[PDB]
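K.L.:
Chains as they are written, first to last, in this note's numbering: chain A, 1 to 45; chain B, 1001 to 1172; chain C, 2001 to 2035; chain D, 3001 to 3034; chain E, 4001 to 4180. Even for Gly, the Cβ is constructed at its ideal location relative to N, Cα and C. If you scroll down you'll find the structure; I have some questions about it.
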Amino acid sequence: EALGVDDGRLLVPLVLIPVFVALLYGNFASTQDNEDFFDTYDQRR
Amino acid sequence: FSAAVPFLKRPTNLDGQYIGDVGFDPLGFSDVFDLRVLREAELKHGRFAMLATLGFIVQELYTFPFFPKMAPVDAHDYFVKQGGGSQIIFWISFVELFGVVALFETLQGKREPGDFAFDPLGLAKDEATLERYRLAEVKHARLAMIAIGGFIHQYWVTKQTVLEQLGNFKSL
Amino acid sequence: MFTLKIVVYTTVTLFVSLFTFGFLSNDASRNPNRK
Amino acid sequence: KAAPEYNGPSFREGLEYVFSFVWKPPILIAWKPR
Amino acid sequence: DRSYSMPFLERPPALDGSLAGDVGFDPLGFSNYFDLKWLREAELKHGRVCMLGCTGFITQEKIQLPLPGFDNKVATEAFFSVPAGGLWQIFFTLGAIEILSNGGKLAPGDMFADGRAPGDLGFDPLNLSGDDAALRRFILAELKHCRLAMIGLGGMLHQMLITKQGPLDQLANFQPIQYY
Ligand code: CLA
Ligand code: KC2
Ligand SMILES: CC1=C(C#C/C(C)=C/C=C/C(C)=C/C=C/C=C(C)/C=C/C=C(\C)C#CC2=C(C)C[C@@H](O)CC2(C)C)C(C)(C)C[C@H](O)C1
Ligand SMILES: CC1=C(C#C/C(C)=C/C=C/C(C)=C/C=C/C=C(C)/C=C/C=C(\C)C#CC2=C(C)C[C@@H](O)CC2(C)C)C(C)(C)C[C@H](O)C1
Ligand SMILES: CC1=CCCC(C)(C)[C@H]1/C=C/C(C)=C/C=C/C(C)=C/C=C/C=C(C)/C=C/C=C(C)/C=C/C1=C(C)CCCC1(C)C
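Structure representation (structure tokens):
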């Protein structure tokens, strides 16, 4: 009942898909200049 | 001026570069397809046949105990079901992936057709011995491809295995 | 019923993850006044 | 611990090559008409 | 000129003696179209994953932890018996090891961006990679064990799926496929 997950197999999509996308995002994240900006928002992208 | 057939002219691309050449390409298959691909095929068919001929003879005289005794061709059927068939197909297919890579190399001209570089017992001592043997193989492959076809059709009709038929001719 | 549920969960998780990580990809910088 | 530079094709070209293994193998180019 | 492994074919151009475990076997030429450093990291990681896994299939059958549901001898069957949450906790711990080990550079383009000769995630607790000659020969071993394990795990998994028996047990009391 925790996410409507009555069958363990339902947890394979709820984890693998967010991880995989995050993996695509990690490459975007590694390409960014990640030093601190003293600003309202970061214009470096 | 084909040597094998004096009358017909030598087919244009059969010039004796490959051994086993008597100019016999009457229907001109040589011109339409790459000769190199064809030699690969001559030997590859020949190699299966030269082996199969041995097998029909051996399978008749002796069969391993664990397999039921059957006539050589009958077995294509039991083995389709025991599952031995798949194994012999899986492996001969695996060897063949490498064969596709080998062919593409022949087409790029980097491999002599029919050469898998297998001479483990090193029988080929000299470049002449290679030419002698290489011709012998091409002759045996041609004889065997004919004979295996015979062993099978004669059985389809006589319903007798080849050695048995020779013993009891049992003419139609 | 399980297969429809797993397909729906896969689709919803994919789209929600795309939304979440897209708005995490420095969305404020995607304005015409950014230099 | 060898680290070759690999100034070669990109990852997408490699994936396209692996797909061309199954939709365009060099099997039939050996038999080409003249 | 010619691959050592496949004499008929040509040495894959990219492969030279420098990478370890190189007998020239890249017939389909994946090397030409991907980064050897990415490819090696995968040859190693799948093996290291299946050196732990293959040992795992054998150990689980002989000895099982005391906790409930850790009692199924067959590895494939055990995956279902063990509590699902625990399996996810393992997933995540491994997932963290991935990000920390690679330093967050987790993609084909960036993993090797700083140094990181493929497979050097830094685990050499007892320094044994100080001699170079020693390192060059240990590296062949890892690859040769990684390559065997890959083949072994597949065989054990598939043979268990048919037999519903762990590897050592199936060899004992072996029965032909028809019986199962
Ligand atoms: C939070 C979890 C997490 C995260 C973020 C990562 C992060 C990473 N992992 Mg993963 N990993 C994890 C958990 C995680 N790991 C766990 C728990 C395991 C099991 C122990 C693994 C096992 C694993 C392996 C074996 C490999 C990685 C790799 C990687 C790196 C590249 C990721 C990538 O592009 O793959 C994105 C996802 C994909 C590209 C899909 C996978 C590709 C499929 C499965 C290939 C199928 C081949 C096919 C079956 C063969 C053809 C057969 C033929 C007949 C046609 C990255 C650092 C790879 C790496 O370092 O490469 C250099 C690598 O080889 N990881
Ligand atoms: C090596 C990977 C790994 C790490 C790094 C790790 C860290 C922690 C930490 C942080 C320090 C805490 C606080 C914690 C706590 C619990 N872990 Mg543990 N854990 C790991 C692996 C496993 C496995 C494989 C299982 C497991 C379990 C439990 C249960 C029992 C629940 C219950 O009582 O039923 C509790 C409370 C079992 C499970 O969750 O079963 C439902 C079980 O199978 N864990 N775990
Ligand atoms: C390459 C390699 C190696 C190797 C090797 C090998 C394995 C060599 C094997 C060679 C073989 C087996 C050649 C077999 C040829 C069979 C033939 C020509 C059949 C002829 C049948 C005829 C004429 C007939 C017939 C009949 C018909 C049709 C039907 C009947 O009614 C009548 C009749 C009986 C007349 C090794 C390791 C050794 C060493 C090396 O380092 C590399
Ligand atoms: C133990 C643990 C289990 C698990 C474990 C898990 C983690 C299993 C881990 C598994 C994976 C990572 C094993 C990977 C195997 C890949 C091998 C077989 C390779 C084939 C490549 C070769 C043939 C090639 C060749 C190629 C060469 C290189 C170059 C090319 O040009 C040519 C060619 C294509 C021919 C589970 C979870 C089930 C539970 C259990 O209770 C405990
Ligand atoms: C199982 C299932 C239940 C349990 C849990 C689970 C997660 C749900 C899941 C686990 C699953 C995973 C782990 C299952 C997937 C498993 C395993 C790891 C796949 C292994 C494949 C081995 C292949 C077929 C090799 C053939 C080797 C070749 C012929 C050697 C070739 C060689 C080269 C080319 C040339 C030289 C010599 C030769 C010998 C010719």
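1) When you compare each of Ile4058(E), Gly4104(E), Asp4001(E), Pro4013(E) to residue 4201(E) by their alpha carbons, which one comes out closest?
2) Counting along the chain, where does the alpha helix (DSSP H) carrying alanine 1075(B) start and finish?
3) Could you tell me which chain B residues have their CB closer than 8 Å to the CB of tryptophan 3031(D), listed as they occur along the chain?
4) Looking only at C-alpha atoms, which of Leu10(A), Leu14(A), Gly4(A) sits nearest to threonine 2003(C)?
5) Which residue wins for smallest C-alpha separation from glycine 3008(D), given the options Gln4060(E), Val4049(E), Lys4037(E)?
6) Let's see if you can read the secondary structure: which residues bound the alpha helix (DSSP H) around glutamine 4159(E)?
7) Kindly indicate if chain C contains any beta-carbon less than 7 Å away from that of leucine 10(A).
8) Within 7 Å of any Cβ in chain B, is that where the Cβ of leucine 4039(E) sits?
9) Comparing the C-beta of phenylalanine 1104(B) with each C-beta of chain D, is any distance below 7 Å?
10) Any beta carbon of chain C sitting closer than 7 Å to that of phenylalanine 38(A)?
11) Would you please verify whether the beta carbon of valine 1095(B) is less than 7 Å from any beta carbon of chain D?
12) Quick one: is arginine 4040(E) buried, meaning 16 or more other Cβ sit within 10 Å of its Cβ, or exposed?
13) Any beta-carbon of chain B closer than 7 Å to the one on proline 3004(D)?
14) Would you report the Cα separation of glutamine 4060(E) and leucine 4157(E), rounded to the nearest angstrom?
15) In whole angstroms, give me the CA-to-CA distance for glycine 1020(B) and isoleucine 4139(E).
16) State yes or no: is the beta carbon of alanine 4107(E) nearer than 7 Å to at least one beta carbon in chain A?
17) What distance in whole Å lies between the Cβ atoms of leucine 4135(E) and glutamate 4043(E), which are believed to be in contact at a cut-off of 8 Å?
18) Can you pull the chain A neighbours of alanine 4084(E), defined as C-beta to C-beta under 8 Å?
19) Closest to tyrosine 4033(E) by CA distance: which of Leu3028(D), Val3022(D), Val3018(D) is it?
20) What residues from chain C crowd round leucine 14(A), counting only those whose CB sits closer than 7 Å?
21) So which residues of chain C does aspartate 42(A) contact, with C-beta pairs closer than 9 Å?
22) Taking the alpha-carbon of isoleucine 4162(E) as reference, which of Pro4176(E), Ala4149(E), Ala4172(E), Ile4151(E) has the nearest alpha-carbon?
23) Closer than 7 Å, Cβ to any Cβ of chain A: which residues of the region 4107–4137 of chain E, in chain order?
24) Between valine 1037(B) and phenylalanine 1024(B), how many whole angstroms is the CB-CB distance? I'm expecting something under 8 Å.
25) Note down, in chain order, every chain A residue with its Cβ under 8 Å from the Cβ of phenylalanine 4091(E).
26) Does ligand 3 have a heavy atom nearer than 6 Å to the CB of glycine 1150(B)?
27) Taking contact to mean 3 or more Cβ pairs, one atom from each stretch, closer than 8 Å, check whether the region 1131–1145 of chain B and the region 4010–4030 of chain E are in contact.
28) Under 7 Å between C-beta atoms, does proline 4027(E) make it to chain B?
29) Do we get a CB-CB distance below 7 Å when we pair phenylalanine 2021(C) with the residues of chain A?
30) Please report whether the beta-carbon of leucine 3(A) lies at a distance below 7 Å from any beta-carbon of chain E.
31) Which residue marks the beginning of the alpha helix (DSSP H) containing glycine 4069(E), and which one marks its end?
32) For a test of your reading of the model: does the CB of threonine 2003(C) fall under 6 Å from any non-hydrogen atom of ligand 5? Yes or no.
33) Against chain B, with Cβ distances strictly below 7 Å, would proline 4007(E) count as a contact?
34) What does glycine 4104(E) reach in chain A if we use C-beta pairs closer than 9 Å?
P.N.:
Based on what the coordinates show:
1) Given that chain E is displayed from residue 4001 to residue 4180, the structure contains no residue 4201(E) and the question cannot be resolved.
2) Its alpha helix (DSSP H) spans residues 1074–1082.
3) Close partners of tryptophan 3031(D) in chain B (Cβ separation under 8 Å): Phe1033, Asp1034, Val1037.
4) Shortest Cα-Cα distance from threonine 2003(C) to any of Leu10(A), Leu14(A), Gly4(A) involves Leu10(A).
5) Proximity to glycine 3008(D) across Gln4060(E), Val4049(E), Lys4037(E) peaks at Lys4037(E), based on C-alpha coordinates.
6) First-last of the alpha helix (DSSP H) with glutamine 4159(E): 4132–4163.
7) Yes, because at least one Cβ of chain C sits closer than 7 Å to the Cβ of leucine 10(A).
8) The C-beta of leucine 4039(E) comes no closer than 7 Å to any C-beta of chain B.
9) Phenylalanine 1104(B) belongs to the set of residues whose beta carbon lies under 7 Å from a beta carbon in chain D.
10) Interface criterion not met: the Cβ of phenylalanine 38(A) is under 7 Å from no Cβ in chain C.
11) So, not an interface residue.
12) Classification for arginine 4040(E): buried.
13) With 7 Å as the cut-off, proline 3004(D) does not count as an interface residue toward chain B.
14) Cα to Cα, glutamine 4060(E) sits roughly 13 Å from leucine 4157(E).
15) Answer to the nearest angstrom: the Cα atoms are 48 Å apart.
16) At least one C-beta of chain A is nearer than 7 Å to the C-beta of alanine 4107(E).
17) 17 Å between Cβ atoms; not a contact.
18) Residues of chain A passing the Cβ test: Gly8, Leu11.
19) In this structure, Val3018(D) is the residue among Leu3028(D), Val3022(D), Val3018(D) with its C-alpha nearest to the C-alpha of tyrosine 4033(E).
20) Near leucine 14(A) (Cβ distances below 7 Å), the residues of chain C are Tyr2009, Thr2013.
21) Simply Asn2026, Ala2028, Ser2029.
22) Checked all of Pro4176(E), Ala4149(E), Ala4172(E), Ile4151(E); the closest Cα to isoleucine 4162(E) is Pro4176(E).
23) Flagged, chain order: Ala4107, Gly4109, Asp4110.
24) In this structure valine 1037(B) is not in contact with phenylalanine 1024(B), their Cβ atoms being roughly 18 Å apart against a cut-off of 8 Å.
25) Neighbours of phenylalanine 4091(E) on chain A, chain order: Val15.
26) In this structure, the C-beta of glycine 1150(B) approaches ligand 3 to less than 6 Å from one of its heavy atoms.
27) Counting Cβ pairs under 8 Å, fewer than three are found: no touch.
28) Chain B, which has a Cβ nearer than 7 Å to the Cβ of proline 4027(E), makes this yes.
29) For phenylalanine 2021(C), the answer is yes, since a Cβ of chain A falls inside 7 Å of its Cβ.
30) Cβ-Cβ to chain E under 7 Å: no for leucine 3(A).
31) Per DSSP, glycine 4069(E) is not a residue of any alpha helix (DSSP H), being assigned neither H nor E.
32) No, Cβ of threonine 2003(C) sits at least 6 Å from all heavy atoms of ligand 5.
33) Judged by the 7 Å Cβ criterion, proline 4007(E) is in contact with chain B.
34) Counting only Cβ-Cβ distances below 9 Å, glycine 4104(E) has contacts in chain A at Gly26, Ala29, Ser30, in chain order.
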